[PDB]
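One chain follows as structure tokens, the form deposited in one PDB entry.
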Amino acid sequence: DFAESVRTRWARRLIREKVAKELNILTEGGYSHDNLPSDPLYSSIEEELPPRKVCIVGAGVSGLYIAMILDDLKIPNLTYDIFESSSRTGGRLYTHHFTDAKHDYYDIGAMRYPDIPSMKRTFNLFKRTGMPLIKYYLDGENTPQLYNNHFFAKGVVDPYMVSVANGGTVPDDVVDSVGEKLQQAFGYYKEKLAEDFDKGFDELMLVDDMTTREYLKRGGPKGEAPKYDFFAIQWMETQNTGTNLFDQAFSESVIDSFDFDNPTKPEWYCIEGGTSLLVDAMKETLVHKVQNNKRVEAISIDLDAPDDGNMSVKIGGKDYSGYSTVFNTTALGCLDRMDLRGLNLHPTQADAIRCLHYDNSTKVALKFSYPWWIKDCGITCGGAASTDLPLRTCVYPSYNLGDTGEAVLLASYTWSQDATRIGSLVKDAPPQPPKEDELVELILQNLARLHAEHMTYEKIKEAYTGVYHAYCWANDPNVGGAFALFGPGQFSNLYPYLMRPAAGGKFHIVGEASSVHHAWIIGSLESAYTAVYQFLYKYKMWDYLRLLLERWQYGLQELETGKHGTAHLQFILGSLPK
């Protein structure tokens, strides 16, 4: 199908555009994106295998997935070490259990999974590990929305009183039509790519250098779409709770708008018991256990040594040597902090590591002695409230809908500058119990205003147990943010360098930022699968490369392999010294 295909087609052609220019710089030529050299090695795709050992840096889901794939392939004489800087395994899969009562938790990192075709690799991993899935209610019943201290009202013009007609500055033609105006903006590029991808791709490249706000202000790479003034775009943004969208490349956002075009009523799932169940199941399966409290501070390769096992990492000032390949799966801010001089990375790959932008995210969960949002507010089916108050979005759990006693509320979920603001009130040294601090006081005050239709402040404060937990990902030194979120031009210009091997094809930058499915578990898993592919190719393990394709190829393959592919060319360009 087309809507399922556009993102993979987009990624593959970005790689082709850059390979052609780089190829041309190698010989300089007539190489074009749709005319590149074929793979001279496809003619060919126990312990005749020499002993090899590989290093996996990081035990988040992508490092654990690499280990799971290697374990399943059972390559003779192949072993690995996996080093994790934190005392905790899982990375951005992170459930906080207040106690280990059934539902007494919240997820600090990933928590919901939509059932769309690009997520097949993710749901297969859930299947392999026996994850108990339940429905996640993205849209709920009776959730309040509060802006300009007015509640949303069905079938009312400008209920928040923010439009020019009511004395504000939001244009009357935008105030009640945000979702609609956004779906056109992109929708003009949806039908051009649908007519024919090659012509649509070229038209979309003229906005690849644009932010969302820039597109909406200028009306097209060509100027053929409606134009919006400052306050209209500000409102479209204010109504955007969630990850930053208006600072993303407009091209990327157009690609994103196909994601839910089977259409945007897929069901959503979460893991009963918390997403960390997945981590536990993965890490208990591994042949070689994760080594926690092992922060890599340097990675190198010794080009004077001709053997396969010529790479090393440094941990706590000690050298760990003998690796034939290193898979780095950390977020890029962590990788930028390492001493990578021993890898001789080319400058533009070094820039991608340093410059790609990460969005912040903060979560605040509070425990109440009963679920007053269910019992008193009629909020019986999950969903989320949104507001311009500091807590921005209050998420009603989908895993405790039938409980009648103590219950967790995800009272604030913020992104970007809102998350930095709440994060300033979050300390990893909790106050002396049961002192209430500034953050709790703020959240309770905001919750009472958001639920003022059915609750008082006194009644919410009375229901609060005194137990809460909060977490700000930009303040976690092992991650530095929620996830990559690429500015104008960054994806078209840097994704080719991030997907590329380095150090003679022996080093891989792996993880959600290295994939076009970035932001989600699927991006981590696909990037891991791709790195294992290139590793097997590097050492010409053709029998095991076939097994990888037969056993672990899910959904549409991001990496363009085969005969017309570019995988061999990304490998060569990453294997090239200088």
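The first residue of the shown sequence is 1; numbering continues from there. Heads up, when I say rigid core I mean the largest set of C-alphas that superpose within 1.5 Å between the two forms.
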item: Where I45 meets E46 in the shown sequence, the number of deposited residues left unmodelled; value: 10 or more
item: Size class of the missing deposited segment between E28 and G29; value: 10 or more
item: Between the two ranges 190-198 and 265-273, the one averaging a larger CA B factor in the entry; value: 190-198
item: 322-330 versus 309-317 - greater average Cα B-factor per the deposited record; value: 309-317
item: Highest recorded Cα temperature factor - choice among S398, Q490, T241, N124; value: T241
item: Of the residues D104, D107, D139, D259, the one carrying the largest Cα B-factor as recorded; value: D259
item: CA B-factor placement of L536, once the chain's modelled residues are sorted into thirds; value: middle
item: Cα B factor band for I522 (lowest, middle or highest third within the chain); value: middle
item: Lowest, middle or highest third - CA B-factor, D359; value: lowest
item: Cα B factor band for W473 (lowest, middle or highest third within the chain); value: lowest
item: Ranked C-alpha temperature factor of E297 among modelled chain residues, by third; value: lowest
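Not on display, but discussed next: the form deposited in another entry.
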| item | value |
| --- | --- |
| Which of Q445, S177, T243, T420 is displaced between the shown form and the other one by 2 angstroms or more at its C-alpha, rigid core aligned | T243 |
| Rigid core superposed: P159 CA moves 2 Å or more between the shown form and the other one | no |
| Core superposition between the shown form and the other one, C-alpha change of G223 at least 2 Å | no |
| Rigid core superposition, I255 Cα moves 2 angstroms or more between the shown form and the other one | yes |
| Pair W415/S253, Cα separation in the other entry versus the displayed form, closer or farther by 3 angstroms or more | closer |
| Direction of Cα pair change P266-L245 in the other entry, magnitude 3 angstroms or more | farther |
